[PDB]
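Only one chain is included here, represented as structure tokens and corresponding to the form deposited in one PDB entry.
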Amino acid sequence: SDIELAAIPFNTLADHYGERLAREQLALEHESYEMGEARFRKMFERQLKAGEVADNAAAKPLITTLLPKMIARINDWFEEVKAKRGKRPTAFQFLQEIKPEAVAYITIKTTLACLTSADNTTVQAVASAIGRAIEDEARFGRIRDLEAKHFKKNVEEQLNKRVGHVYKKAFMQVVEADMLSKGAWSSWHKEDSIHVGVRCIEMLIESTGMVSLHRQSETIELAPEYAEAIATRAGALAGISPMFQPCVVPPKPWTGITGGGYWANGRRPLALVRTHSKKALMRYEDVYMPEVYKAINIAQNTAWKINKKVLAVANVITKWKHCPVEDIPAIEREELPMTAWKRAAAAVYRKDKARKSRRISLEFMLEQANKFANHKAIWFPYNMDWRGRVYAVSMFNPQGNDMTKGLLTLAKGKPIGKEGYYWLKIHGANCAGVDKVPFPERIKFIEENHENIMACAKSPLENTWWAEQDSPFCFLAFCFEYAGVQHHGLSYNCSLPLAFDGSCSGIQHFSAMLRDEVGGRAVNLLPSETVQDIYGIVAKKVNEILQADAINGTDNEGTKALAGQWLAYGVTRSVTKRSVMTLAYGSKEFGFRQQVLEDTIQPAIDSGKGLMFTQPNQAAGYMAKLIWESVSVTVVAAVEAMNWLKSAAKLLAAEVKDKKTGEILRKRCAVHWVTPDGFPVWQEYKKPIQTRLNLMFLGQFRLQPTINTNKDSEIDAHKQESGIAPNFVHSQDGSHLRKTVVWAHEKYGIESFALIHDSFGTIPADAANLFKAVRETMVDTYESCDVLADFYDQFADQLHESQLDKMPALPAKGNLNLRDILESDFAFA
């Protein structure tokens, strides 16, 4: 509907959608920009009125420029104090202790902190501040240094946890309590500190010229240029982080790596690929990938609308003292009552941090929903992350949590129909949790609950239960439409997005490109009686282990009892799950310990439902090994294919130098590959250019490299290998997601799409076809091309030799008949 000519907004929108909607749209983009700067200012202020200006990006561009000059004046002073044949100022004494880096930084930093915080910025105050600042380091890195790794394990793992420059200076007193060898610390006295700062105050004036000294004991100020600059940099930053909101008209079609989504032509347009380096983005500048541009476009032309009935419930039910949906964050704290009582009521704090923060988005989402109710429809611009996965641009989108998705329904519905009705019951059965049983038992769930559904539909307020299902608001959303069908019949116009979501798309994709039948089997890639749940399969396997006590259970010096603790907890698919999908991505046994500990124990601990683990560790380490054993003997080809990708990344990331005269024969280099739909991916992680240096309290800061070397930035051979596997398949599903949107649209005429990476959705009337579209695409894709062989050919002849050829062979293909996916009921994606 728009060709290369639409260059002047408003004129294009109005003579296309009416100037009434053209204005609203533009009004909105601009507001997004407005709310952005607003959100910025509010912060740039809370930091200003909190001595943390040095932390704001607005100062960084300056700090970087004055930091070197300082340390370049700090040293010169020293050597010069050495030329002096006599006594040395007390400054050289209480300043040679800490690194000449911390010194300067803590200087510039602190000097700005208390000279932008209050209005009593005097030499006595600032200096005293820098003094306590310089002393609050004074090379007492007793643990950070002196080869006392105890810091990089039991002293650092916490400081980075404790929030606030107040609790880090306080909680640090803890570590100090314990002897830790050595001991005692002569206080710089409240008279040497000032002097320590004095010299520091100087040198800064001697070099940076930043601060200035009035002539009204003497006040401290900032130069008209080094003050206007952080206020300039601010204004800059302020308008480059807009709180993007949905659109009141179809998004602007993408025709290039930039300018898509919103119509307002601003200085910072939207980019198609969420890249980090502008260089990375320009890499797409001329790549021909029509099918990619079409998925993104088609997908963003999906007209959505607020689900008023679902909004009605949500609006009031989320204020409720006691919400019937144990998922929503309460309005108030978690009391406080329930080593001292506090021992058990310690998590209360952090658990409320999750609540208040989870509460903020909840309210923002509700703000957007209500804000956009009444609009005949709304759209979401779309772009990708760099592996090619599709993301809605605005904070509020059909990809958000339960309530979010519940608050949204497709704008263009159609008479539901026989099949559409069927597919909806299925949807409802899914929203309810009844989704790991064959389709017939699901319809039975919906039908055998007819009355509960109507009830919740009549007085959602009065009749909860819908709020006792896994997907409460979505289920609710379904209850409504279901009731509508009852009151109106199969000609009922329904626009409820019916979600078709693959079962572990990760292993499915691996199983696909490898024809892995065992894996495919597990992840429903073949027609089957009951739905295969690979997580349940691993859950059942773990259980057999647990069930075994003596053969696997030992005495406590132990297992046995340990297993019993779990058997008591009742280990199910809930656990081990994350561990099952990340194995083929690189997650190891140590990874599981953390996962199971953080995903199952940690949450089950502070709640009461799980207080029989006696120390989570070991109890988690234990599970970690069963999950490994159980999963390792389940996911095979996948892993093999994973290690094959790691070798290519490892090899390419490597920097080969000649054995006899080591000049670099081949330079480190990114792994490159093209997704089936024509979408190019460039994975080239980089090791931080400016090495960073912490200071425990004041924070962290970088600094221009010492050794003149940083031409490119230095590729991170480690990340390149740990990401390659996950990034690759992700780019395989994203392409699969895009391939399906285009396929479903051109072959089936589908206009509405509810996309969520490996989740495909439409209105009931088109579900049948999306059910086929996805699958047909899965099949045609992995049958038309060998993604691993094509990947090889991509780096094979290209940068790869100079000895390099320890490249494991492409995995042997399985006996899986891809075409079967077409007959698989549980595959979905």
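Just so we're on the same page, rigid core means the largest C-alpha set that superposes within 1.5 Å between forms. Each residue number is its position in the shown sequence, starting from 1.
The form deposited in another entry exists for this protein as well; it is not shown, and the discussion that follows is about that form.
Among the residues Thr740, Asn727, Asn524, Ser630, the single one whose Cα moves by at least 2 Å between this form and the one not shown, once the core is superposed, is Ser630. Comparing the forms between this form and the one not shown, the C-alpha position of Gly608 differs by 2 angstroms or more, with the core used for superposition. Once the cores line up, the CA of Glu801 ends up 2 angstroms or more apart between this form and the one not shown.
After superposing the rigid core, the Cα of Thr661 is displaced by 2 Å or more between this form and the one not shown.
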